[PDB]
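K.L.:
Here it is, the structure in full.
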Amino acid sequence: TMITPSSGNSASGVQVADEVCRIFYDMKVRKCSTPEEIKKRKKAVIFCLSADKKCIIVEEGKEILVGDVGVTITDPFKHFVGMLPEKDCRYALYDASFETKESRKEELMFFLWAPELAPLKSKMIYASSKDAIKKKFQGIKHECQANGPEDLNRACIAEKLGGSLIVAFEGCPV
């Protein structure tokens, strides 16, 4: 067929970047030599396709620090949604710090931050890019898409977690 164009993005065909295998891993669990700096090691993140738009990739200017949560942030998540605009989509792992029926158990969550306005390319791409990233997002912890910065809602994330069995997000704070 017309496979001449190897954009690896027109028909969703990126290649992840390996940093993704470190993103789902940057917010894994207690992995923090000493978390008093580890949060500054950057874990929360939004990727968005390398140059030309392909490999899942931290490339746009987003990402949270997990520990930041409490300064410019305060433990919710909407701040990170701010890092999720409407002119760009992406897969993002934000070290999620929420309790649950299990209790305080930081569990990042996949974010298919995809605005209903973004360019059909970063909306049809992820369509099949969430399989490539998944190859390294073995345990995404939470595959959660957002076709509005409201699908990232903490009450809703308190449904992706509070819909199962948590205690915070869906229980204490929301």
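We name chains A, B, ... following the order of the structure tokens; residues begin at 1 in each chain, and ligands are numbered from 1 as shown.
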Write out as a PyMOL selection string the set of residues from segment 20-152 of chain A that DSSP, computed on the backbone, places in helix (DSSP H, G or I).

P.N.:
chain A and resi 20-26+35-41+78-82+121-124+126-129+132-136

K.L.:
Would you give me, as a ChimeraX atom specification, the residues in segment 13-169 of chain A that DSSP reads as strand (DSSP E)?

P.N.:
/A:45-46,92-93,110-113,144-146

K.L.:
Generate a file of the selected residues that holds C-alpha atoms, formatted as a short mmCIF file (atom, residue, chain, number, x, y, z; two decimals), in the first residue's frame.

P.N.:
data_model
loop_
_atom_site.label_atom_id
_atom_site.label_comp_id
_atom_site.auth_asym_id
_atom_site.auth_seq_id
_atom_site.Cartn_x
_atom_site.Cartn_y
_atom_site.Cartn_z
CA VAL A 45 6.43 13.61 33.16
CA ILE A 46 4.64 14.12 29.89
CA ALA A 92 2.55 11.08 30.79
CA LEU A 93 3.51 9.36 34.02
CA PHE A 110 -0.49 6.77 32.43
CA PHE A 111 -1.86 9.96 30.91
CA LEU A 112 -3.02 9.95 27.31
CA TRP A 113 -3.34 13.70 27.59
CA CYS A 144 -5.94 7.06 31.98
CA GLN A 145 -6.77 9.15 28.89
CA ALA A 146 -7.96 12.75 29.04
#

K.L.:
Which of these, A:59, A:106, A:133, A:14, has the shortest distance to residue 26 of chain A once you count only C-alpha atoms?

P.N.:
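Of A:59, A:106, A:133, A:14, the one nearest residue 26 of chain A, counting only C-alpha atoms, is A:106.
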
K.L.:
Name the closest residue to residue 150 of chain A among the candidates A:44, A:114, A:125, A:132; distances are taken between atoms, counting only C-alpha atoms.

P.N.:
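Ranked by minimum distance to residue 150 of chain A, first place goes to A:114.
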
K.L.:
Identify, on the basis of only C-alpha atoms, every residue whose closest approach to residue 168 of chain A does not exceed 9 Å; exclude the query and any residue fewer than 6 positions from it along the same chain; express the result as a ChimeraX atom specification.

P.N.:
/A:98-101,103-104,158,161-162,174

K.L.:
Could you save the residues just selected, with N, CA, C and O atoms, as a PDB file, in the first residue's frame?

P.N.:
ATOM      1  N   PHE A  98      -1.116   9.091  46.393  1.00  0.00           N
ATOM      2  CA  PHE A  98      -2.496   9.014  46.952  1.00  0.00           C
ATOM      3  C   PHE A  98      -2.620   7.797  47.858  1.00  0.00           C
ATOM      4  O   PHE A  98      -2.017   6.774  47.611  1.00  0.00           O
ATOM      5  N   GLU A  99      -3.424   7.873  48.882  1.00  0.00           N
ATOM      6  CA  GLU A  99      -3.593   6.685  49.754  1.00  0.00           C
ATOM      7  C   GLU A  99      -4.510   5.715  49.036  1.00  0.00           C
ATOM      8  O   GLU A  99      -4.428   5.564  47.843  1.00  0.00           O
ATOM      9  N   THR A 100      -5.371   5.043  49.734  1.00  0.00           N
ATOM     10  CA  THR A 100      -6.281   4.080  49.061  1.00  0.00           C
ATOM     11  C   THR A 100      -6.749   3.057  50.106  1.00  0.00           C
ATOM     12  O   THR A 100      -6.314   3.105  51.239  1.00  0.00           O
ATOM     13  N   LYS A 101      -7.566   2.086  49.765  1.00  0.00           N
ATOM     14  CA  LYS A 101      -7.889   1.082  50.795  1.00  0.00           C
ATOM     15  C   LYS A 101      -6.540   0.485  51.206  1.00  0.00           C
ATOM     16  O   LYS A 101      -6.377  -0.050  52.285  1.00  0.00           O
ATOM     17  N   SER A 103      -3.820   2.414  51.248  1.00  0.00           N
ATOM     18  CA  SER A 103      -3.219   3.568  51.972  1.00  0.00           C
ATOM     19  C   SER A 103      -2.189   4.286  51.107  1.00  0.00           C
ATOM     20  O   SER A 103      -1.969   3.968  49.958  1.00  0.00           O
ATOM     21  N   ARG A 104      -1.556   5.264  51.685  1.00  0.00           N
ATOM     22  CA  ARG A 104      -0.519   6.050  50.965  1.00  0.00           C
ATOM     23  C   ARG A 104       0.360   5.118  50.159  1.00  0.00           C
ATOM     24  O   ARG A 104       1.276   4.494  50.657  1.00  0.00           O
ATOM     25  N   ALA A 158      -9.760   9.727  41.113  1.00  0.00           N
ATOM     26  CA  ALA A 158     -10.271   9.185  42.395  1.00  0.00           C
ATOM     27  C   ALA A 158     -11.459   8.286  42.057  1.00  0.00           C
ATOM     28  O   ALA A 158     -12.340   8.032  42.843  1.00  0.00           O
ATOM     29  N   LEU A 161      -8.939   5.220  40.536  1.00  0.00           N
ATOM     30  CA  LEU A 161      -8.377   4.623  41.769  1.00  0.00           C
ATOM     31  C   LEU A 161      -9.542   4.529  42.761  1.00  0.00           C
ATOM     32  O   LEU A 161      -9.690   3.568  43.490  1.00  0.00           O
ATOM     33  N   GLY A 162     -10.372   5.553  42.780  1.00  0.00           N
ATOM     34  CA  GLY A 162     -11.538   5.583  43.709  1.00  0.00           C
ATOM     35  C   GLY A 162     -12.703   4.826  43.114  1.00  0.00           C
ATOM     36  O   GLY A 162     -13.746   4.669  43.717  1.00  0.00           O
ATOM     37  N   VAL A 174     -10.843  13.849  48.242  1.00  0.00           N
ATOM     38  CA  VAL A 174     -11.934  13.855  47.215  1.00  0.00           C
ATOM     39  C   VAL A 174     -12.574  12.474  47.140  1.00  0.00           C
ATOM     40  O   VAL A 174     -13.034  12.114  46.071  1.00  0.00           O
TER      41      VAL A 174
END

K.L.:
Between A:154, A:136, A:41, A:130, which one has atoms that come closest to residue 12 of chain A, using only C-alpha atoms?

P.N.:
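Between A:154, A:136, A:41, A:130, the residue approaching residue 12 of chain A most closely is A:130.
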
K.L.:
With only C-alpha atoms as the atoms that count, which of A:20, A:32, A:71, A:108 lies nearest to residue 134 of chain A?

P.N.:
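Of A:20, A:32, A:71, A:108, the one nearest residue 134 of chain A is A:20, counting only C-alpha atoms.
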
K.L.:
What separation in Å, quoted to one decimal, exists between atom CA of residue 173 of chain A and atom CA of residue 64 of chain A?

P.N.:
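Between atom CA of residue 173 of chain A and atom CA of residue 64 of chain A the gap is 20.3 Å.
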
K.L.:
What's the separation between atom CA of residue 80 of chain A and atom CA of residue 10 of chain A, in Å to one decimal place?

P.N.:
27.5 Å

K.L.:
Between A:143, A:131, A:88, A:170, which one has atoms that come closest to residue 61 of chain A, using only C-alpha atoms?

P.N.:
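Closest to residue 61 of chain A of all the choices is A:88.
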
K.L.:
Of the candidates A:49, A:57, A:2, A:118, which one gets nearest to residue 23 of chain A if we count only C-alpha atoms?

P.N.:
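Among the listed residues, the smallest separation from residue 23 of chain A belongs to A:57.
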
K.L.:
State, in Å with one decimal place, the distance from atom CA of residue 105 of chain A to atom CA of residue 18 of chain A.

P.N.:
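Atom CA of residue 18 of chain A lies 25.0 Å from atom CA of residue 105 of chain A.
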